[PDB]
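> Part one of the assembly, not moved from where it sits:
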Amino acid sequence: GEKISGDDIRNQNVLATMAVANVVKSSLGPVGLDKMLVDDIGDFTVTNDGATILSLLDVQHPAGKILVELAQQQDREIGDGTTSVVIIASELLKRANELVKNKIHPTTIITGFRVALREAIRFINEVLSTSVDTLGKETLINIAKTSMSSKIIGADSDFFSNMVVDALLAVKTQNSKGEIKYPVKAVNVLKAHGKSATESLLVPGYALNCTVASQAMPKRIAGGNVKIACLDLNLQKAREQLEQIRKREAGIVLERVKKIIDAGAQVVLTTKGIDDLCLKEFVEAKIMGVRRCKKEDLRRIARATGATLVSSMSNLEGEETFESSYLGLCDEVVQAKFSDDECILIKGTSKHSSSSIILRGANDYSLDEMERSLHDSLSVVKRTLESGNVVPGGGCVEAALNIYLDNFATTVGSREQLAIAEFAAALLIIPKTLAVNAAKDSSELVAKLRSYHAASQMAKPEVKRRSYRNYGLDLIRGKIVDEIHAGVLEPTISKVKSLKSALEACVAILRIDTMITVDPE
Amino acid sequence: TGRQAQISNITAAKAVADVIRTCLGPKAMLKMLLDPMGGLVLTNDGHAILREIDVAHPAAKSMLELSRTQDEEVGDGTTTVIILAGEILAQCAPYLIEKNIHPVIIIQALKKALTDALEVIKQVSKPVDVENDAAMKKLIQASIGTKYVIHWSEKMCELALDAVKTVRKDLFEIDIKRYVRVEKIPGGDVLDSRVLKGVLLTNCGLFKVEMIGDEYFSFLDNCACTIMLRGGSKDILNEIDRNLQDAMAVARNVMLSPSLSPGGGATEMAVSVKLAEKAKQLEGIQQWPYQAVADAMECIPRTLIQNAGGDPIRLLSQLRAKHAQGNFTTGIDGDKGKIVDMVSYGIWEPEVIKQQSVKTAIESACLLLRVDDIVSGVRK
């Protein structure tokens, strides 16, 4: 079919790249703005998340879809910074275009970026810091403020700081051959409206959204040794031989409930609704029935309370029974009204302890953004506790590393130093884009910040304390502030994997030479 | 695209707000709609207008969910609050697309505007005791003036005020008033009602069963209240619930906010003149977008002038001078477009009416400013 080769394809690759790059430019930084997407189904979705946009984004260019899969891999590896990482592919491929039109060979561009990022780890070793960082009184709050970038939660992040920290405090467990980590992605988030952001409650346990059929049951259980059972089977009314089968099936249901009553389970979790036959057995046995449960939420209950889901009741023989090993354990069961509904609160579980988060917002479009923003912050603390090395935030990292690459280019020399200079100018778009979203001047703070880092490497003792060297930048007032007063920092694993995952991503665009379009059937 | 995409979003809410300008007050006008199917809907309520119309502008679709939130609280007179969200968008034309003002700077100015607005709301605060049945009677009759059930409300609104106080009481005073069960009986006279205190199905007085074509009568003595309504026509029961069941918001708002504000669009008159005075003390970059909010506040009372057939330029000259000099209790007569103050006008509205109006307006206005552009064709 259509076959077109030459340098026009690489010029078209960056043209389609810069076209979709404008999507994440306005959403970068705490002051970034959201954008509305039309789903053509009558509704719309307003999101600044690059992972959600690139998924729905329609790209008619074959190479433009590579950036879509790049954000998907960064969600499992990192889980945050979607618009603060992928955005570099705009100018990085644009500066390489000037080298393609010149006599620079693509391998020099490829090997130039590899030697730059390989030796960049030693440059990062200067800005690293331990997990203790300052004198304390703020520990996981400083890393919780990392999610302020690219998101609008920075205004309400004051009260939400202690909510995220305390949610991951009691979920501690032992895994990874004895390593102590927090099993994230297991936190339940409930959507609610009313009051304000400061009224958000943190539940140190499991929260279930359902409706209790009979209010006369022991809704609130006082004391320990609470047994909870889980059954995937549906016990209800279901299909003169028709009346005889109805009586035989009713006896089978009452027999299976009798096995649960004999086990002493205080809470019975069912997938579907409960008929009137099972409700009469629960009141006499002082058991609270639960209906309309989601299978995905029941999987976390099996790990938390310790109640394994029962697919079917059977054994090696033809006897049906419910074993006692499928019962869960917790400290107490408390039921309170949460947002025009009564939810079950399971706290103090035996096997594993979980946590639930209740959020408040304006509308459903606001809660969708507030949920994913705080959900991505859970991975920020998780990835930070894995590697104690941390780097300061504020965009001062990209401006500082580009100065060391200037003398590093003179060390290597030859033709590989020109690609290093172009790679240093490519990283300068990150601090300049933040100035555009902050309605400030671009080169104003960039030229000044690089002046403090220019003499940073020239200081022999570090003369007295730090006259020039410092970290952090103030986007609101457009001034250079210290990282201690600003209180902003970012994890190292997020910054290293940023350019590391983008390494093979940008080169893949450069490796494209001949473009061929086959006509569809 | 970019700033050009926001211009289409401002005109989207501006075109919708201009339709509901005449939907406020007892003089409110009506609007006729023509669908591609050929059906016509003529009504003065903007609730069914936004639901039936399918707009091609993605920004106007967000106002449909906002109307559901405003109608969940009161629903009568709160539909025109969307105009305030549309006037702010049109107010940014000399700033956003001309001075290149950053949206967050405007949003930050709206945060100080929403905070200063609540202070002005507390300035017009006029508490009143809820123990007086005559004072609460004229309060629920405020929204009745837009209907012909005014003289019918004598035997109607008295049943609603007595039933809410039974299910309200205290706890704060927060309680659930949804336990009430209202039964509607078609046919008969509207003057015929049923006074029943108890649960409809110790030392009970009497037990009897009446004769009704719908169902029988049963009394349950407790140690909860129901309402049996007999309509004066067949389909009149739809309008009866709007003047009684939907009127329960007045009884809920007086318990949460006993204070009273000028009714009939007379509240924001003292707010606009006070907001301009609070702007002179700011003395900053944000002063211009902050002071320009008062220009959007005076557009709401112009709807009454457009309904009264007056000149909004010349009439508001003397009207704004009364609120900024004489007192903040002055108001505007919506019927004839007169300077008669709210003191002799006899109608007062709770503060929460304007609180939830401004709160939902600022929260909806900033979200529209946070949208850079709109794209289509994703094929989800």
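Received, thanks. Numbering: from 1, shown residues only, chains lettered A, B, ... in the order given.

> Find the nearest non-adjacent residue to the spatially most central residue of chain A, please.
Compute the mean C-alpha point of chain A, and by CA atoms, centre = their mean the closest residue is residue A:376, 2.6 Å away. Nearest non-adjacent residue to residue A:376, counting by CB to CB, 6 or more residues apart in numbering or on different chains: residue A:80, 4.1 Å away. Backbone N, C-alpha and C define where each C-beta goes, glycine included.

> swap in residue A:440?
residue A:478 (4.3 Å).

> contact partners of stretch B:16-26?
For stretch B:16-26, the external contacting residues (CB atoms under 8 Å, 6 or more residues apart in numbering or on different chains) are B:28-29, B:31, B:44-46, B:49-50, B:55, B:60, B:63, B:77, B:79-80, B:82-83, B:85-87, B:145-146, B:264-265, B:302-304, B:306-307, B:334-335.

> Out of those, which end up buried?
Buried members of those, counted by 16 or more other CB atoms under 10 Å in any protein chain shown: B:28, B:44-46, B:49-50, B:60, B:63, B:77, B:79-80, B:82-83, B:85-87, B:145-146, B:264-265, B:302-304, B:306-307, B:334.

> ranges for the helices of the stretch 251-380 of chain B?
For the stretch 251-380 of chain B, the helices defined by DSSP state H, counting those that start in this stretch cover B:267-280, B:287-297, B:302-308, B:312-321, B:342-345, B:351-369.

> gap between the fourth one and the chain center?
How far helix B:312-321 lies from its chain's middle: 24 Å, per CA atoms, centre = their mean, to the nearest Å.

> what's around the residue of the stretch 351-500 of chain A found nearest chain B, how many residues?
Closest residue of the stretch 351-500 of chain A to chain B, CB to the nearest CB: residue A:439 (3.9 Å). Using other CB atoms under 10 Å in any protein chain shown, residue A:439 has 15 neighbouring residues.

> what's near enough to touch it?
If you count contacts by CB under 8 Å, 6+ apart, residue A:439 has them with B:100-102, B:105.

> Backbone dihedrals for it, please?
When read as degrees, to the nearest 10, the backbone of residue A:439 gives phi 60, psi 40.

> again with residue A:483
Phi and psi for residue A:483, reported as degrees, to the nearest 10, are phi -70, psi -20.

> And for residue B:227?
Residue B:227 adopts backbone torsions of phi -130, psi 130, taken as degrees, to the nearest 10.

> quick one: it from residue B:142, how far?
For residue B:227, the distance to residue B:142 (CB to CB, to the nearest Å) stands at 21 Å.

> how about the strands in the stretch 101-250 of chain B?
B:181-185, B:193-194, B:199-200, B:219-220, B:226-230 (DSSP state E, counting those that start in this stretch).

> Here is chain C, add it in:
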Amino acid sequence: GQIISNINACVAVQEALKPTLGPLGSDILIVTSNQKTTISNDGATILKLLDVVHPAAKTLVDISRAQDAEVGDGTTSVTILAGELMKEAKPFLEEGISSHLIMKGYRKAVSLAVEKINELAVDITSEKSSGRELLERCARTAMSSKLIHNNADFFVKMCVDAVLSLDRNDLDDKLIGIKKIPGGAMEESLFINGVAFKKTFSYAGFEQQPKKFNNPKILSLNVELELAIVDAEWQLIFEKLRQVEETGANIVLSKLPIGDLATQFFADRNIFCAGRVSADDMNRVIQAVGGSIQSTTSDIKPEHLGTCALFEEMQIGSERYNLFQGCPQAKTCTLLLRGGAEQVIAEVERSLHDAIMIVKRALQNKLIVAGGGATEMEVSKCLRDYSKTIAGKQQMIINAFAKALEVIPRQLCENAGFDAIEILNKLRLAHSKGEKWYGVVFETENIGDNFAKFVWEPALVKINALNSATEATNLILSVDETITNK
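That brings us to chain C, laid onto the chains above:
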């Protein structure tokens, strides 16, 4: 935004002149509606015949036309700098940087550049090179920096001896005009000490013309000589011929042609006469022989008749021309080009006229600096250290102008086939740890010292180059809109 669209159309102007930089440069062929073939390296003739679309293209033409007064040569290495300053300034114009900071920062960079150029220019005088040396040894490669590579050795021993007769403080460009003689050789051109012009018309006594004069006298007369009516018209012309003989003029220059009566009268007396004399040739004789032009025979007097040492009739290219020698006042030496190719005559015509500009500025001040594009490298090296502390954002602005001067060594490597990166690494150490004067050497194809290479260039070329590129680049930034009626 409107300036960017105007720059891209002006980029192709010097990109067509891109290979033309350096002595290895190429030429541009131009064919007009008259089918006149013009092949020359100089962009002044190129931009004059180049079709312009946007008015910004005329800006480079006005600077190129004024370049003859400021410098006159090296136009390939000057005009290209006007487009390079606006090429790297595109990312700055797209950002919040205004074009005023680029224009204001440019004058601050030129003020520091000219200060260093005057520092690089050193005048020893004293016992070092003097006349006939600086104009030969140091001007060997300085006179022609582009063309005449094979014939350079011929003109150093010829053209230098012609410009030696030109004394300082005079610098007359009216007497340096050349002529076009078909046929012959370039190195065989004869030196002419007096006025020489073409006959342009053939005579029946062309072979009978007098060979030489011992004491010739040139007289300029505008009287038209052309023939009862027959006796009257013949007598009036005869009386005018007798009045001319009273002055004793052996050479009579007539503006309008003469008939047979005036020719036969002058042939019998062995009196020379030449018709169809142009007005430009008459002013050349006034500044050489010192005669005068008489309109009629009323005011003609014997003292208006000038004289010269001797006259000679030269025959070259199968055609004879008038040759004057030993004029009373001659400030230059007339040169006559030769060769059979018309393009070659016009090729060296632009080059020799550009070489006299060096002699003009050398007599005022004698100065030489390192040539071969090494001047901008030392200036760009100094601007990198100063601009860091100068007025905030001006660091990145001057560094853009510092990197804009890097186009000169990149162009010299494009023609020679070298590497653009390899020369920058060698010069960076040569202009920092290697002090200054180390340049680039094309002959040995490596980096060497221009002091021992004998190749130098006047620093006055680079001084006016920045001034010529000042208002040229500032006008592009100062114009944000262009309107064309109809």
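
> once more on the contacts of stretch B:16-26, with chain C this time?
B:28-29, B:31, B:44-46, B:49-50, B:55, B:60, B:63, B:77, B:79-80, B:82-83, B:85-87, B:145-146, B:264-265, B:302-304, B:306-307, B:334-335.

> Strands - which of these land there?
residue B:31 (DSSP state E).

> show me the contacts for the closest residue to residue A:305 other than its chain neighbours.
Distances taken as CB to CB, 6+ apart place residue A:328 nearest to residue A:305, at 3.1 Å, with adjacent residues excluded. Taking CB under 8 Å, 6+ apart, we find residue A:328 in contact with A:227-230, A:267, A:301, A:304-307, A:349-351.

> mind listing the helices in the stretch 201-350 of chain C by residue range?
Secondary structure of the stretch 201-350 of chain C by DSSP H, counting those that start in this stretch: the helices cover C:229-245, C:260-268, C:279-286, C:342-364.

> Packing partners of the longest one?
Okay, so that is helix C:342-364. Other elements packing on helix C:342-364 under the criterion 3 or more CB pairs under 8 Å, 6 or more residues apart in numbering or on different chains; DSSP states H and E are strand C:37-40, helix C:159-163.

> so can I have a markdown table of these showing distance to chain A?
Output for the helices and strands packed on helix C:342-364, formatted as a markdown table (distance: least, CB to the nearest CB, whole Å):
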| stretch | distance to chain A |
| --- | --- |
| strand C:37-40 | 29 |
| helix C:159-163 | 39 |
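
> Looking at these, which one is packed in the most?
Of the helices and strands packed on helix C:342-364, the one with the most neighbours on average (mean count of other CB atoms under 10 Å in any protein chain shown) is helix C:159-163, at a mean of 20.

> Report the separation between the spatially most central residue of chain B and residue B:124.
For chain B, residue B:78 is the residue whose C-alpha lies nearest the centre (CA atoms, centre = their mean; 2.4 Å). Distance of residue B:78 to residue B:124, computed by CB to CB: 18 Å.

> Over to residue C:145?
87 Å.

> Tell me which of the two has more neighbours.
Counted by other CB under 10 Å, residue C:145 and residue B:124 do not tie: residue C:145 has more neighbours, with 24 against 21.

> Touching, that one and residue C:21? I think so.
No: using CB atoms under 8 Å, residue C:145 is not in contact with residue C:21, being 9.8 Å away.

> out of the helices of the stretch 201-350 of chain C, nearest to residue C:34?
Of all these, helix C:342-364 sits nearest to residue C:34, with 13.9 Å by CB to CB.

> how far out from the middle of the chain is the closest one?
Distance of helix C:342-364 from the chain centroid (CA atoms, centre = their mean) equals 4 Å.

> Other residues contacting the next helix or strand after it?
Next in sequence after helix C:342-364, counting helices and strands by DSSP states H and E, comes strand C:369-370. The contact list for strand C:369-370 (CB under 8 Å, 6+ apart) reads C:117, C:120-121, C:375, C:378, C:436-439, C:450-451, C:456-459, C:462.

> then chain D, please:
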Amino acid sequence: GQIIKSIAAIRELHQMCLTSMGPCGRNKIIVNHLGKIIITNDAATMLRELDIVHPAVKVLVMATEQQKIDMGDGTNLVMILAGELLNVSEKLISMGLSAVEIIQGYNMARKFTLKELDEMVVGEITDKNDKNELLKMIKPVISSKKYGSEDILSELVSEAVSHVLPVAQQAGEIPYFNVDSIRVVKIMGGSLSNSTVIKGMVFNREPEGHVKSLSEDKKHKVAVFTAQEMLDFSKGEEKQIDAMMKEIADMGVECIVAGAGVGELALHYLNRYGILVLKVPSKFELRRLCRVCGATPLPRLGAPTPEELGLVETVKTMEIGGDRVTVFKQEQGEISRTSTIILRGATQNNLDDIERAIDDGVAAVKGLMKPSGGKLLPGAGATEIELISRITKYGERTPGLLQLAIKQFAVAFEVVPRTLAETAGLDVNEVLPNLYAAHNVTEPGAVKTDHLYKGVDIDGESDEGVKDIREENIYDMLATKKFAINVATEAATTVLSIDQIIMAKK
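With chain D now in place:
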């Protein structure tokens, strides 16, 4: 069909002249049907060469003639002010306000502005002949006119005005100011440092026959003027021309001025008798020649009257810009005023902007001499911020419908400080609070506080925003501002008065 249509053309031209004014201002290129390229920042010259197909917006085009005749400067300020008044009035039109109160609002505020100009005036200092006073007037023009070099151009004009100065110290009551007394010549090539001033006037012509000086003659004399039968006319003219040219040489007249067609026989005798002649003098050169020299252009071809003749103390025909040129150069002692200033530049378009800048400098002296005085006003946009506080106060003093017109009249003043920020690329919102920081809440008890004393000068001080205008000598012309608000109000109300376009037989 008119308002919205005109504003579309107004916002176009208003944005065009917005970047013209100011030291950071920009120029434009205009190409006519003949291909002539002109680069200038002047709005009057701009709209003159441009072809506009919208008759409604042409009101602002013809309104420039009122400003050029009265003053000739501040043309960019009038187009920005008049264009902004119609832009801010668009909001009042959408509100339903009739043009009655809009026209009355601008006319009521116009009289209030004239009352403030007399109260806010400073820096009398009243000195005509000081060389520093000539520098204080010519320096501020770098905003509207060419800002390229104010050091050299200010010195040449100050020496030229002082050279043509009538003197007559104390009270001389000097009428008949000479606008033509200043002339510049465009010379291609060279830099501005090569430019100088000559005590006499110069012009571009070339000598032919003599080129000799002849000014060493110690009060020389100059005159000014307004088949045998075939030789009867030939010999008849040779005898008459010889006798007429001999009597002129007998009187000792070295140079003559011939304003008519000169034949070949006339130039023949001029070379023998050594008499210089001028070739085809133009209309404006003929008037300047007879007034300065004081000789009568006698049309008679014979001997002129020796009693009345021209005189030039010192004149040289040698090279000036590299070519021999005969000029009128003279000395103030024995002959009258109207000297010249020679300019040197590589670009001919830059010499045109300097010519228009110097021509506007002549009006600065006209504004001082013709009325009682030109006074002074705060420059660099510092005058408009002083009026904003005054006009805002008048809105509360006069309650009524004019408050809507007074409000938009004060907001329209924001374009002047925005001009400095827009042309410099800086954010106007950052400089805006620095402009209000001068007056703060109210004015301090001291006289001439930082509001009146200082001003807005942005070079490295953009962070501070305020700078002293006294040391910088940045001021605005009072006669220009009085005429600016008059033309802007007359042009704004004219557009609002337009009803329908009428075409008659076309």
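
> again for the contacts of residue A:439, since chain D is there now?
Contact analysis of residue A:439 by CB under 8 Å, 6+ apart lists B:100-102, B:105, D:427, D:429.

> from the residues you listed, which single one is nearest residue A:52?
Among the contacts of residue A:439, and counting by CB to CB, the member closest to residue A:52 is residue B:102, at 24.4 Å.

> what number of residues lie near the closest one?
For residue B:102, using other CB under 10 Å, the count is 20.

> for it, phi and psi?
The phi and psi torsions at residue B:102 (degrees, to the nearest 10) take the values phi -70, psi 140.

> Where does chain B get nearest to chain C, residue-wise?
Counting by CB to the nearest CB, chain B gets nearest chain C through residue B:100, at 11.0 Å.

> Same check on the stretch 251-400 of chain A?
Nearest residue of the stretch 251-400 of chain A to chain C (CB to the nearest CB) works out as residue A:399 at 12.5 Å.

> which residues does residue 307 contact?
You didn't pick a chain, so chain A it is. Going by CB under 8 Å, 6+ apart, residue A:307 touches A:228-230, A:269, A:301, A:326-328.

> My question was about chain C, not that one.
Applying CB under 8 Å, 6+ apart, the residues contacting residue C:307 are C:215-218, C:289, C:328.

> Mind doing that once more with 6 Å?
For residue C:307, the contacting residues are residue C:217, by CB atoms under 6 Å, 6 or more residues apart in numbering or on different chains.

> quick one: what helix or strand has residue C:9 in it?
Using DSSP H and E, residue C:9 sits in helix C:2-16.

> Show me what that helix is packed up against.
Packing partners of helix C:2-16 (3 or more CB pairs under 6 Å, 6 or more residues apart in numbering or on different chains; DSSP states H and E): helix C:76-87.

> which residue sits closest to the residue of chain C positioned farthest from its centre in space, ignoring its chain neighbours?
Within chain C, the residue lying farthest from the chain centre (CA atoms, centre = their mean) is residue C:228, at 58.4 Å. Nearest non-adjacent residue to residue C:228, counting by CB to CB, 6+ apart: residue D:227, 6.5 Å away.

> Next: residue A:70.
Spatial nearest neighbour of residue A:70, chain neighbours left out: residue A:505 (5.0 Å); criterion: CB to CB, 6+ apart.

> Any figure for the gap between that neighbour and chain C?
Distance of residue A:505 to chain C, given as CB to the nearest CB, to the nearest Å: 23 Å.

> What are the buried residues along the helix or strand where that residue lies?
According to DSSP H and E, residue A:505 maps onto helix A:492-511. Across helix A:492-511, burial judged by 16+ other CB under 10 Å covers A:492-503, A:505-507, A:509-510.

> and what of stretch B:82-98?
Residues of stretch B:82-98 classed as buried: B:82-92, B:94-96 (neighbour count, 16+ other CB under 10 Å).
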